[PDB]
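One structure, pasted below without further comment.
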Amino acid sequence: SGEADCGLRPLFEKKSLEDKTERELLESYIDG
Amino acid sequence: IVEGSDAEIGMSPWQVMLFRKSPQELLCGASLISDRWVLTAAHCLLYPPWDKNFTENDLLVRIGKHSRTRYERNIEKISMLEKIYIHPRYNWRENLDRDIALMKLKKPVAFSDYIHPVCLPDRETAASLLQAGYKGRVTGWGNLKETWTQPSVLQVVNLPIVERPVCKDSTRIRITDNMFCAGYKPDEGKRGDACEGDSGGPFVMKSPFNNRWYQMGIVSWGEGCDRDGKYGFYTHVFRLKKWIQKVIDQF
DNA sequence: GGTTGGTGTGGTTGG
Ligand SMILES: *[PH](O)(O)OCCCOc1cccc2c(OCCCOP(=O)(O)OCCCOc3cccc4c(O)cccc34)cccc12
Ligand SMILES: *C[C@@](*)(O)[C@H](CCCNC(N)=[NH2+])NC(=O)[C@@H]1CCCN1C(=O)[C@H](N)Cc1ccccc1
Ligand SMILES: [K+]
Ligand code: NA
């Protein structure tokens, strides 16, 4: 029963901008 | 948060502060999951051993905050609780099994650049993301160091999930299916952990399918803070998701 | 100061 717009940050996703250390999160998925 | 860094403005817009009304003390973390509902660790509200049994009128909840102490004028929004719902089968006696609690707010909070709700995972998302070696994110205003050895702004740290084998043989405390640990192994070079005053604080991962953020964990317990061989434990949000929906729709 | 630190052509915000 997820909320319509949840999990999308106004100052990041909503502006196609990435935070300082979110790439680290993605790397984990690949060579983790 | 131990060995983390200062968050960026709006990095974690679902991050919520449980604030004690009398006196003024930071209690715990929490996360905003709608405009009316907030999620936290149950041991933040009800832990008899420490003589903690708070109720709606003991606590307000602060949203949109970054600075730990200052009232961020024109940024933060303060809300009062309508009701609290500690999980029925919450075992505070033994091992904090089912360390989860919901809170409805009197009036719905408005969303801004600093206030936005997080998503709860589902069958598929939990299956995909919640796997060993896969890193999540922890945020809180808790202690920078272990008790026997506090930040000025919200602290963030990225921490890899750990397999139950290594997760169970780490502690003498009985584990359940409603938990998972996270943190670096002693050889892994990088280190870091949640600490005291981080409970309720969300453990989030970012879906690489839809670029949405999902709250996979709640900060529950530890054994010191960031010591080799020890890992922080988190409430498994999905395995309790059935309970969460129940509570919302009924109330 | 303030429901709030430190130092402002604010800042994540007035005055
Ligand atoms: P609105 O526009 O209706 O009303 C807002 C106007 C009120 O302005 C201020 C009131 C109080 C404080 C400040 C302020 O504080 C900054 C403190 C740190 O700077 P400092 O300690 O170095 O002080 C600056 C040095 C010069 O001092 C003064 C300058 C002008 C007037 C006075 C005064 O009347 C008494 C004492 C010192 C000074 C920053 C800006 C505005 C206000
Ligand atoms: C309430 C939270 O602030 C806090 C978070 C723990 C952070 N630790 C790390 N490094 N991950 N939780 C606690 O302090 C919990 C609540 C009750 C006691 N407790 C502990 O962490 C104990 N040290 C361990 C424990 C005791 C009894 C039952 C389960 C665990
Ligand atoms: K000011
Ligand atoms: Na550790």
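What is reported rests on the model, the rules as stated and the sources as named; nothing here is a laboratory result. Neighbour counts are summed over all protein chains in view; Cβ atoms, including those assigned to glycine, are modelled from backbone coordinates with ideal geometry.
Which residue pairs have Cβ atoms under 6 Å apart, sit 6 or more places apart or on different chains, and have a first residue in the stretch B:221-233 that is in the same structural domain as B:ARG93 (by CATH) and more than 6 Å from ligand 4 (Cβ to nearest atom) and a second that is part of a loop (DSSP other than H, G, I, E, B) and not charged (D, E, K, R)?
none
Restricting to the stretch B:18-47, what's the tally of residues that are crowded, with 24+ Cβ neighbours inside 10 Å and part of a strand (DSSP E or B)?
Matching residues across the stretch B:18-47 total 9.
Still on this structure: Before we move on, is B:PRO121 touching a strand residue (DSSP E or B) at 6+ places or on another chain (Cβ under 7 Å), of a type outside the set (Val, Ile, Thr) and within 13 Å of chain A (Cβ to nearest Cβ)?
Taking the combined requirement at face value, the residue satisfies it.
Right, here's the next one. Looking for whichever is within 30 Å of B:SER79 (Cβ to Cβ), within 14 Å of ligand 2 (Cβ to nearest atom) and outside any loop (DSSP other than H, G, I, E, B) here; the options are B:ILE218, B:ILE161. Which one fits?
B:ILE218
Got a number for residues in the stretch B:104-134 being acidic (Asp, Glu) and either assigned to a helix (DSSP H, G or I) or closer than 14 Å to B:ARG239 by Cα (or both)?
Qualifying residue count, the stretch B:104-134: 2.
Same structure, new question: Report, by residue number, each residue of the stretch B:211-236 that is farther than 19 Å from B:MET11 by Cβ and touching a strand residue (DSSP E or B) at 6+ places or on another chain (Cβ under 7 Å).
Hits for the stretch B:211-236 are B:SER220, B:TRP221, B:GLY222, B:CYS225, B:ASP226, B:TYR231, B:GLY232, B:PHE233, B:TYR234, B:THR235, B:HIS236.
Which condition does B:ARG62 not pass, out of (1) within 16 Å of the chain's Cα centre (by Cα); (2) assigned to a loop (DSSP other than H, G, I, E, B), if it passes all the others?
Checking B:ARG62 against (1) within 16 Å of the chain's Cα centre (by Cα); (2) assigned to a loop (DSSP other than H, G, I, E, B), the one that fails is (2).
Any residue in the stretch B:137-155 that is more than 12 Å from ligand 2 (Cβ to nearest atom), charged (D, E, K, R), crowded, with 20+ Cβ neighbours inside 10 Å and facing chain A (nearest Cβ under 8 Å)?
Yes: one or more hits.
Can you go through B:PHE180, B:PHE203, B:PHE233 and tell me which one is in contact with a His (Cβ under 7 Å, 6 or more places away or on another chain) and in a strand (DSSP E or B)?
B:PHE180
In the stretch B:189-209, how many residues are within 9 Å of ligand 4 (Cβ to nearest atom) and of a type in the set (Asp, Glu)?
1
Now a separate question. It is to be established whether one or more residues within the stretch B:208-225 are under 13 Å from the mean Cα position of the chain (by Cα), within 23 Å of B:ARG98 (Cα to Cα) and acidic (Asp, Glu).
no
Counting only residues that are within 12 Å of ligand 2 (Cβ to nearest atom), over 28 Å from A:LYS20 (Cβ atoms) and surrounded by 13 or more Cβ atoms within 10 Å (Cβ to Cβ), how many does the stretch B:164-187 have?
Going through the stretch B:164-187 one residue at a time, the tally reaches 6.
Still on this structure, I have one more. Could you say which residue among B:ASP35, B:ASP58, B:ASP99 is among the charged types (D, E, K, R) and within 12 Å of ligand 2 (Cβ to nearest atom)?
B:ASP99
Could you grab me the full set of residues in the stretch B:221-246 that are in contact with a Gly (Cβ under 7 Å, 6 or more places away or on another chain) and among the aromatic types (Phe, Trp, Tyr)?
Within the stretch B:221-246, B:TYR231, B:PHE233, B:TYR234 qualify.
Right, something else. Inside chain A, can you point out the residues that are at the interface with chain B (Cβ under 7 Å from one of its Cβ atoms) and outside any loop (DSSP other than H, G, I, E, B)?
Listed by number, the residues that qualify are A:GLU13, A:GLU24, A:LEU25, A:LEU26, A:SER28, A:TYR29.
Please give the number of the condition B:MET80 fails out of (1) in a strand (DSSP E or B); (2) more than 12 Å from DNA strand C (Cβ to nearest atom); (3) out of contact with any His (no Cβ under 9 Å at 6 or more places or on another chain).
Among (1) in a strand (DSSP E or B); (2) more than 12 Å from DNA strand C (Cβ to nearest atom); (3) out of contact with any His (no Cβ under 9 Å at 6 or more places or on another chain), the lone unmet condition for B:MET80 is (2).
Also, I was wondering about something else. Is it the case that B:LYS230 is over 18 Å from the mean Cα position of the chain (by Cα) and near ligand 2 (Cβ under 8 Å from one of its atoms)?
Yes, satisfied.
Further, regarding this structure: Is it the case that B:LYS106 is over 17 Å from the mean Cα position of the chain (by Cα), more than 16 Å from ligand 4 (Cβ to nearest atom) and either surrounded by 15 or more Cβ atoms within 10 Å (Cβ to Cβ) or not β-branched (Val, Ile, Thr) (or both)?
In short, yes.
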